[PDB]
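Everything on this sheet refers to the single structure shown next.
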C-alpha cells in the first residue's frame, strides 16, 4: 500500500452487443435447425437413459 | 475435405466492432475482412482476425477494393507475434450473395490456398445460426453447364477454448447453462416450435414464389430430392409402432412409480416434523 | 428341458406349433418391485410413528 494504489473498474453494454452476443451464445448452446439432437435423445431414452435409470434405482 | 469447422464468437464481436466504429457514415455497405485460422489440422479453428477497408460502387457491382500491402503487413506482424495461426479465407457482413464475390475470392484463390466464405447479417434479428461456412470448390455439373465456382454449405459450431467462456459468462450474467431440469428443458420444448415456424415460413414462401415465378436455372434438380425427402414419410399409420408406443408408455409408468415412491419417501421427514416439532413447541411454549 | 428352463421355447401336441420368445428387461421389474416392497416398510413404519405420536 505504500506509494501505491488502484482504481475501480466498470463495463459498458448497448442493445446491439447484448442481443447479438445473447443470440450467439444461445445458439452456441443450441443446434443449427434445433430439431436435430432433440429427437436423438428422445429415441435414446429407450437405450441410454434406461441404463442410467437402472443405476439411479 | 473439411467436414466441419469451429467459429469463435470473437470474430463476430469484431463485426460488432465494425458496427461500432462506423460513427454514422450514411453508407454502411458490405465490409470485407480477413479471417485467420489453422488450415493445418483437418478441422478448422478460428482464433482471431483483423480488418481491411472495403468499398464498392453504387451502380456497377463489379467494383471491389482490397489492399495487398496492408494485408501483407498485418499478416506479417501477426505471424511475427504468433506463428501458430495463418491465413485461411475472408468473410462479409452482407445478407445477400453478390455475383462479384467470385472475383473477390479469386484473389485469395490465387495468392492463398482455397478460402472459406462466411455470410452473416448486419442486424442480429435472425434467430437461426448467424454463421454459415461455405467452402469454395469446383464441382462437375450434371446439366452440363460450364464449370464455375460453387459454394457448398459446411456445418459449423459456436464454441470457445478456455477463458473466452469465462469472459462471456461474466459479461452476460443473464444466460444459463444446460442445467438439466424442468424450466431449462420446457423452455426449449416451447420456443423450438417457433424456431421451426419462423424459419419454415421465411423459407417455403420465397421457395414457392421463386419456383413458379422465376428463372436463372439454379439447378432445381436437388429440390426434387427435397420433395422426395418430404415424401419419405407417407403418413405412417403407427400400427407397427404401437408396440413402441407401449414400451414408451411403459417407461412413462416407470417414471410414475419412481416419482410417487421417491416423493413418498421425502414426505416422511415432513409429515413427522410437522407434528413432533409443533406439538413440542406448543407444549413448551407456556 | 423346457421345465429345466435351459433355453427359450414351448412344445405343442395337436397343432405342433413351436414358439420361441424372450424377455430382455429383467433387471427393471425386479428392482422396481424391490423398491416398492422396501418403501412399503418405510410408509408402514411412518404410520407406526404417527400412531405412536398421536394416539
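Chains as they are written, first to last, in PDB author numbering: chain c, 197 to 253; chain Z, 5 to 290; chain X, 368 to 422.
Each residue gets a CB set at the ideal place from its N, CA and C atoms; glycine is no exception.
Going by other Cβ atoms of all chains shown within 10 Å of its Cβ, with 16 needed for buried, is residue i buried or exposed?
| i | result |
| --- | --- |
| residue 407 of chain X | exposed |
| residue 35 of chain Z | buried |
| residue 135 of chain Z | buried |
| residue 403 of chain X | exposed |
| residue 137 of chain Z | buried |
| residue 202 of chain c | exposed |
| residue 96 of chain Z | buried |
| residue 105 of chain Z | buried |
| residue 186 of chain Z | exposed |
| residue 109 of chain Z | buried |
| residue 240 of chain Z | exposed |
| residue 223 of chain c | buried |
| residue 16 of chain Z | buried |
| residue 387 of chain X | exposed |
| residue 92 of chain Z | buried |
| residue 265 of chain Z | buried |
| residue 215 of chain Z | exposed |
| residue 257 of chain Z | exposed |
In this structure, what does DSSP give as the bridge partners for residue i?
| i | result |
| --- | --- |
| residue 94 of chain Z | Z:38 |
| residue 137 of chain Z | Z:122 and Z:158 |
| residue 49 of chain Z | Z:10 and Z:42 |
| residue 153 of chain Z | Z:142 |
| residue 377 of chain X | X:386 |
| residue 54 of chain Z | Z:38 |
Is the CB-CB distance between residue i and residue j below 8 Å?
| i | j | result |
| --- | --- | --- |
| residue 176 of chain Z | residue 220 of chain c | no |
| residue 161 of chain Z | residue 151 of chain Z | no |
| residue 76 of chain Z | residue 68 of chain Z | no |
| residue 164 of chain Z | residue 57 of chain Z | no |
| residue 10 of chain Z | residue 47 of chain Z | yes |
| residue 121 of chain Z | residue 89 of chain Z | no |
| residue 19 of chain Z | residue 124 of chain Z | yes |
| residue 203 of chain Z | residue 132 of chain Z | yes |
| residue 419 of chain X | residue 279 of chain Z | no |
| residue 250 of chain c | residue 390 of chain X | no |
| residue 230 of chain c | residue 8 of chain Z | no |
| residue 242 of chain c | residue 252 of chain Z | yes |
| residue 4 of chain Z | residue 395 of chain X | The question about residue 4 of chain Z has no answer, for chain Z in this structure spans 5 to 290. |
| residue 119 of chain Z | residue 94 of chain Z | yes |
Less than 8 Å between CB atoms is the rule here; does residue i satisfy it with respect to chain X?
| i | result |
| --- | --- |
| residue 276 of chain Z | yes |
| residue 108 of chain Z | no |
| residue 259 of chain Z | no |
| residue 268 of chain Z | yes |
| residue 272 of chain Z | yes |
| residue 230 of chain Z | no |
Taking 8 Å as the threshold (beta carbon to beta carbon), is residue i in contact with chain c?
| i | result |
| --- | --- |
| residue 65 of chain Z | no |
| residue 389 of chain X | no |
| residue 394 of chain X | yes |
| residue 157 of chain Z | no |
| residue 134 of chain Z | yes |
| residue 178 of chain Z | yes |
| residue 227 of chain Z | no |
| residue 175 of chain Z | yes |
| residue 20 of chain Z | yes |
| residue 172 of chain Z | yes |
| residue 111 of chain Z | no |
| residue 139 of chain Z | no |
| residue 16 of chain Z | yes |
| residue 13 of chain Z | yes |
| residue 303 of chain Z | Residue 303 of chain Z falls outside the range modelled here, since chain Z spans only 5 to 290, and no answer is possible. |
Does residue i have its Cβ less than 8 Å from a Cβ in chain Z?
| i | result |
| --- | --- |
| residue 342 of chain X | Outside the shown range of chain X (368 to 422) lies residue 342 of chain X, about which nothing can therefore be said. |
Measure from the C-beta of residue i to each C-beta in chain C and report whether the shortest distance is under 8 Å.
| i | result |
| --- | --- |
| residue 279 of chain Z | The chain inventory of the structure shown lacks chain C, comprising the protein chains c, Z and X. |
Positions along the region 218–242 of chain c whose CB lies within less than 9 Å of some CB in chain Z: 218, 219, 220, 221, 222, 223, 224, 225, 226, 227, 228, 229, 230, 231, 234, 241 and 242
Which residues, taken in chain order from the region 199–220 of chain c, show a beta carbon closer than 8 Å to some beta carbon of chain Z? Within the region 199–220 of chain c, contact with chain Z at the beta-carbon level (separation under 8 Å) is assigned to 207, 209, 212, 213, 215, 216, 217, 218, 219 and 220.
Contact set between the region 398–418 of chain X and chain Z, restricted to residues whose Cβ is under 8 Å from the partner: 399, 402, 403, 406, 409, 410, 413, 416 and 417
Which residues of the region 235–255 of chain Z have a Cβ closer than 8 Å to any Cβ of chain X? Give them in chain order. none
If contact means a Cβ-Cβ distance below 9 Å, which residues of the region 196–221 of chain Z contact chain c? 196, 199, 200 and 203
Which residues, in order along the region 37–64 of chain Z, keep a beta-carbon less than 7 Å from a beta-carbon of chain c? So nothing in the stretch comes that close.
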